[PDB]
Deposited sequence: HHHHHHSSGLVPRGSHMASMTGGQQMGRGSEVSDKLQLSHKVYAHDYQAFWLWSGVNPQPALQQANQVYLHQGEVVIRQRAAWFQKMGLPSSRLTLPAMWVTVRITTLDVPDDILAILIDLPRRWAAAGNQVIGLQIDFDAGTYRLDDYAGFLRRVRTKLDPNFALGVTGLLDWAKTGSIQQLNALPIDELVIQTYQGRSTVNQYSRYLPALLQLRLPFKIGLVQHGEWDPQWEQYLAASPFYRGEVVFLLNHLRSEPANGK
């Protein structure tokens, strides 16, 4: 029943607006936020954010994009799938594209269709990952290479996150747990989830200091 410290972990999200941290230099993977697809005037719009595509001293990396709507045209999906392409052209080891679903009430059919579309447009050397808030004979049907279950909102672990953990042993795809830096977390859960051959460990969302510090 302790708090999450980066020095105990090896995979991290670096979000827009978050500064790099020494823990990055011990990491095996980084999940680099690059922007969001949002509705502006009843139409989807990509907002590029975060670090510009460039050579940086990072471990193997994902490009992460948050999707707040699944009504997204092919031209924006084309921009999304070019992001890992650009990061790879800059000299980095790029694992693939991670979709961060933050869209609301959709049916799993629609998520599946959206991911099918992305994978069709994504270069086959790139993996396709999903992450989102906690929320199976059809869920393991997701056409994805990695799932990350987030346990936080903002700077805090969600209260009663543990309610969603026991059934993750039924997942049949590589999965991880997303924890916020300095949030509440019981690491006994790690041991529990280690029972599944599909468990791949944790990812820590790094945070800056609050202004009020």
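No alpha-carbon coordinates exist for the deposited sequence positions 1-38, 174-179, 258-262, given here in order along the chain.
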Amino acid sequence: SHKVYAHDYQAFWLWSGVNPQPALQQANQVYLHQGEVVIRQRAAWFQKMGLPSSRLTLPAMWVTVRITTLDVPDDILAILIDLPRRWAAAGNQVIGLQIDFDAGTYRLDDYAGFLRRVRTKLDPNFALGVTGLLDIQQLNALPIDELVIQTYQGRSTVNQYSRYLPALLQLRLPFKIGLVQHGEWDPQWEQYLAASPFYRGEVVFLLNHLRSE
From here on, numbers count along this sequence of modelled residues.
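Looking at mean Cα B-factors across 167-175 and 147-155, the upper value is held by 167-175. In this entry, 40-48 shows the higher mean Cα temperature factor of the pair 40-48 and 57-65. Residue-level inspection of the entry shows that, of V130, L133, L115, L77, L133 has the top Cα B-factor.
Between the residues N92, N125, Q98, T105, it is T105 that shows the highest Cα B-factor in the PDB record. Among all modelled residues in this chain, the alpha-carbon of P197 has a temperature factor (C-alpha) in the highest third. Sort the chain's modelled residues by C-alpha temperature factor and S162 lands in the middle third, per the entry. In the deposited entry, the Cα temperature factor of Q34 places it in the lowest third of its chain's modelled residues.
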